[PDB]
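Text of upload29.cif, listed as mmCIF, C-alpha atoms:
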data_run
loop_
_atom_site.label_atom_id
_atom_site.label_comp_id
_atom_site.auth_asym_id
_atom_site.auth_seq_id
_atom_site.Cartn_x
_atom_site.Cartn_y
_atom_site.Cartn_z
CA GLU A 1 -3.18 -45.71 43.39
CA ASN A 2 -5.42 -42.67 43.82
CA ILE A 3 -5.56 -40.61 47.02
CA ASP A 4 -6.49 -37.15 48.29
CA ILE A 5 -9.21 -35.68 46.07
CA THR A 6 -9.05 -31.90 46.47
CA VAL A 7 -12.14 -29.88 45.53
CA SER A 8 -12.94 -26.34 44.40
CA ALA A 9 -16.06 -25.04 46.14
CA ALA A 10 -19.20 -26.74 47.43
CA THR A 11 -21.89 -25.85 44.88
CA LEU A 12 -24.74 -28.21 45.77
CA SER A 13 -27.71 -27.35 43.54
CA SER A 14 -29.76 -30.54 43.38
CA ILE A 15 -29.65 -34.00 44.95
CA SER A 16 -31.48 -37.30 44.49
CA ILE A 17 -32.08 -39.94 47.17
CA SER A 18 -33.53 -43.44 46.86
CA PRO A 19 -34.15 -44.85 50.36
CA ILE A 20 -35.64 -48.27 51.10
CA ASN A 21 -38.20 -49.41 53.67
CA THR A 22 -36.92 -52.63 55.23
CA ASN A 23 -37.14 -54.32 58.63
CA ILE A 24 -34.11 -55.32 60.69
CA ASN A 25 -33.98 -57.88 63.50
CA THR A 26 -31.21 -59.70 65.37
CA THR A 27 -28.44 -57.38 64.19
CA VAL A 28 -29.07 -56.33 60.59
CA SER A 29 -27.88 -53.47 58.39
CA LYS A 30 -29.88 -51.83 55.60
CA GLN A 31 -28.20 -50.75 52.36
CA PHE A 32 -29.50 -47.52 50.84
CA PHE A 33 -28.64 -45.47 47.75
CA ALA A 34 -27.65 -41.81 47.56
CA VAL A 35 -26.75 -39.71 44.52
CA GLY A 36 -25.78 -36.05 44.26
CA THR A 37 -25.57 -33.70 41.28
CA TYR A 38 -23.16 -30.76 41.22
CA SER A 39 -24.39 -27.36 40.04
CA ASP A 40 -21.53 -27.51 37.54
CA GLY A 41 -23.70 -29.90 35.54
CA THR A 42 -22.33 -33.25 36.71
CA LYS A 43 -23.52 -36.33 38.60
CA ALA A 44 -21.69 -38.40 41.21
CA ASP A 45 -22.60 -40.92 43.91
CA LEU A 46 -21.54 -39.41 47.24
CA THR A 47 -22.81 -40.60 50.63
CA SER A 48 -20.17 -38.86 52.74
CA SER A 49 -21.65 -35.43 52.02
CA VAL A 50 -25.22 -36.35 52.97
CA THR A 51 -25.85 -35.85 56.68
CA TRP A 52 -27.71 -38.57 58.57
CA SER A 53 -29.67 -37.78 61.73
CA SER A 54 -32.13 -40.04 63.55
CA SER A 55 -34.17 -39.60 66.73
CA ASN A 56 -32.73 -42.50 68.73
CA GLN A 57 -28.99 -41.84 68.94
CA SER A 58 -28.64 -45.49 69.94
CA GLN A 59 -29.88 -46.95 66.65
CA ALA A 60 -28.84 -43.86 64.69
CA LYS A 61 -25.79 -45.47 63.08
CA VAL A 62 -24.58 -45.10 59.50
CA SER A 63 -21.68 -46.55 57.50
CA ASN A 64 -21.60 -43.67 55.02
CA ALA A 65 -17.92 -43.18 54.17
CA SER A 66 -16.82 -45.98 51.84
CA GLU A 67 -18.22 -44.13 48.83
CA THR A 68 -21.94 -44.36 48.08
CA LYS A 69 -23.02 -46.85 50.74
CA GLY A 70 -25.17 -44.87 53.15
CA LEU A 71 -26.25 -48.08 54.85
CA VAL A 72 -27.41 -47.88 58.47
CA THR A 73 -27.63 -50.13 61.52
CA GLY A 74 -29.96 -50.34 64.51
CA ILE A 75 -29.28 -51.22 68.14
CA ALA A 76 -32.54 -50.53 69.97
CA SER A 77 -36.18 -51.09 69.04
CA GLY A 78 -38.80 -48.56 67.95
CA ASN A 79 -39.43 -46.54 64.80
CA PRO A 80 -36.26 -44.43 64.38
CA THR A 81 -36.91 -41.95 61.58
CA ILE A 82 -33.87 -41.41 59.36
CA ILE A 83 -33.58 -37.78 58.30
CA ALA A 84 -31.14 -36.89 55.52
CA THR A 85 -29.92 -33.34 54.93
CA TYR A 86 -27.88 -32.26 51.90
CA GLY A 87 -27.95 -28.76 50.45
CA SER A 88 -31.43 -27.69 49.37
CA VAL A 89 -32.58 -31.31 49.18
CA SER A 90 -33.34 -33.80 51.94
CA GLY A 91 -34.26 -37.47 52.18
CA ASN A 92 -36.08 -39.84 54.53
CA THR A 93 -35.72 -43.53 55.39
CA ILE A 94 -37.78 -45.78 57.65
CA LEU A 95 -36.23 -48.68 59.58
CA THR A 96 -38.03 -51.31 61.65
CA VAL A 97 -36.06 -52.37 64.72
CA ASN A 98 -37.33 -54.97 67.18
CA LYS A 99 -34.53 -55.47 69.71
CA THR A 100 -35.81 -58.26 71.95
CA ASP A 101 -32.51 -59.10 73.64
CA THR A 102 -30.73 -56.73 76.03
#
Will you turn the file into structure tokens for me?
Amino acid sequence: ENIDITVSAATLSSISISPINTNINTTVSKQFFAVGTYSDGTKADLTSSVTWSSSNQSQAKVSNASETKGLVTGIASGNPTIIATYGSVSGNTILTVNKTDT
């Protein structure tokens, strides 16, 4: 029923992130939580605004778009550090990937 949510002006003042340290193996996605508070004095769960950037571009995958998912997936092994950037606040998430198969 609802569609197209126009905005006024990005006024990011403060943000809160609650990452989780979990291990993934044999194709597994980790579900994280991300919440942002507008300077206008409101609170909303937005994962599309938060920018996700990880070292390994191969395992650096995120499904942030649905709403407040923010989940991520890994393809290769190693310790890909998940760096989150949003306004004046940033987050961090650790994922354990042990890709044994090609």
Between CA of residue 80 in chain A and CA of residue 53 in chain A, distance in Å (one decimal): 9.7 Å
Polymer residues at most 12 Å from (-31.2, -40.3, 71.6) by all atoms listed in the file, as a count of residues only: 14
Polymer residues at most 9 Å from residue 88 in chain A, all atoms listed in the file, same-chain spacing of 5 or more positions, as a ChimeraX atom specification: /A:12-15
Residue nearest residue 63 in chain A among A:77, A:85, A:37, A:31 (counting only C-alpha atoms): A:31
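Among the candidates A:102, A:72, A:90, A:64, the residue lying nearest to residue 21 in chain A is A:72 (atoms considered: all atoms listed in the file).
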Atom-to-atom span, CA of residue 29 in chain A and CA of residue 66 in chain A, Å: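 For CA of residue 29 in chain A relative to CA of residue 66 in chain A, the distance reads 14.9 Å.
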Sel. within 12 Å of pt (-19.8, -41.4, 51.4), counting only C-alpha atoms, output as a list in words: residues 32, 33, 34, 35, 36, 44, 45, 46, 47, 48, 49, 50, 51, 52, 62, 63, 64, 65, 66, 67, 68, 69, 70 and 71 of chain A
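Taking CA of residue 99 in chain A as the reference point, CA of residue 18 in chain A is found at 25.8 Å.
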Hits from the PyMOL selection byres ((chain A and resi 26) around 10), listed as a ChimeraX atom specification: /A:24-25,27-29,74-75,97-101
A:10, A:84, A:20, A:94 ranked by distance to residue 39 in chain A, top pick (using only C-alpha atoms):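 Smallest separation from residue 39 in chain A among the options: A:10.
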Selected residue of minimal separation from residue 41 in chain A among A:23, A:16, A:79, A:11, counting all atoms listed in the file: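 Distance minimum relative to residue 41 in chain A lands on A:11.
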